[PDB]
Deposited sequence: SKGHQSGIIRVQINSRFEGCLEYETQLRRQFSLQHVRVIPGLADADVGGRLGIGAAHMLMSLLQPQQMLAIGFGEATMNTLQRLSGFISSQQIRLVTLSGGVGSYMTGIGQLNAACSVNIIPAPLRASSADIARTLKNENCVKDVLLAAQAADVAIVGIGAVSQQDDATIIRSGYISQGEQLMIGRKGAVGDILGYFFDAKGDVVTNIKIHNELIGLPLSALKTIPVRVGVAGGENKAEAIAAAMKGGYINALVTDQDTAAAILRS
């Protein structure tokens, strides 16, 4: 039969990934903390001293930063937020050393209207951070699945419009294309997915079998070109 190493090889070839790690399904520990540890080990090998790491929001990325905090200080890694929201990055940034360089988009995650988001993106202190993010060497993001900032109603319509998952709040369909008649898209302050693709090494950290279709789609769209996930999710991706 087949195990984690074989799932890594298959994922790597099937989605043309640059790096993949697949962690075993059960252990004496919950998946999400173990995803963090694994994403952290992958980033430690990928990042060179003084390089720049763009970070998304969410529990998996915040767990990852925690595990990476020592390497971040020791290796002088500069962190930059991929999205607005400020406070949503504090569980991961809090663990860092005071001398660590962190560049934070000083704006909300989501504006109340598209005109307001467009205004805020043009504010110099925000535009500067958006450019810095797009220029990073490596990115780490979570991946949400349609299976705080979005109402129940919006979530239901996002799904009716064919979204399967999101990165940074931007929703894409089963083929990996951004769903284009979704209003939240034009209201978000951070980097759009088309800009995220500038970053050369884009690591998704995500798991739960429920997320298989979203993770697959994210790779088919090109948004991530490296993956950290778990055994069961990997299997499900491969049959997607």
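Annotation: deposited residues 1 to 16, 164 to 173 are not represented by C-alpha coordinates in the model.
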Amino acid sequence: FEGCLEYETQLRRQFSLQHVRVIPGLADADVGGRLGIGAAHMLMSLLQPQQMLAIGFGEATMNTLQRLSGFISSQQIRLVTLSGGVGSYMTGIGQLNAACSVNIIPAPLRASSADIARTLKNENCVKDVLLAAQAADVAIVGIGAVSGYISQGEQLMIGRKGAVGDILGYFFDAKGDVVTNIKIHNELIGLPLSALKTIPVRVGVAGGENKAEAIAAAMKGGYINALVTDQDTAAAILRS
From here on, numbers count along this sequence of modelled residues.
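C-alpha atoms forming the largest set that superposes within 1.5 Å between two forms make up the rigid core.
Once the rigid core is used to overlay the structures in 5 other deposited structures of this protein, the stretch among 86 to 94 and 106 to 114 whose CA atoms lie farther from this form is 86 to 94. For the pair 199 to 207 and 30 to 38, rigid core superposition yields a higher RMS C-alpha distance in 5 other deposited structures of this protein in 30 to 38.
Remark: stretch with higher mean C-alpha B factor among 208 to 216 and 24 to 32 is 24 to 32. Per-stretch averaging of Cα B factors for 51 to 59 and 176 to 184 places 176 to 184 on top. When the C-alpha B-factors of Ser112, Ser74, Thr119, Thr81 are ranked from the entry, the top spot goes to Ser74. Within the selection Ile140, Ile104, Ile143, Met90, the deposited Cα B-factor values reach their highest point at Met90.
In the PDB entry, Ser151 places in the middle third of its chain by CA B-factor.
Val86: CA B factor lies in the middle third for its chain, per the PDB record. Among the modelled residues of its chain, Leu238 has a C-alpha B-factor that falls in the highest third, as given in the PDB entry. In the PDB entry, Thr64 places in the middle third of its chain by CA B-factor. For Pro108, the recorded CA temperature factor ranks within the lowest third of the chain's modelled residues.
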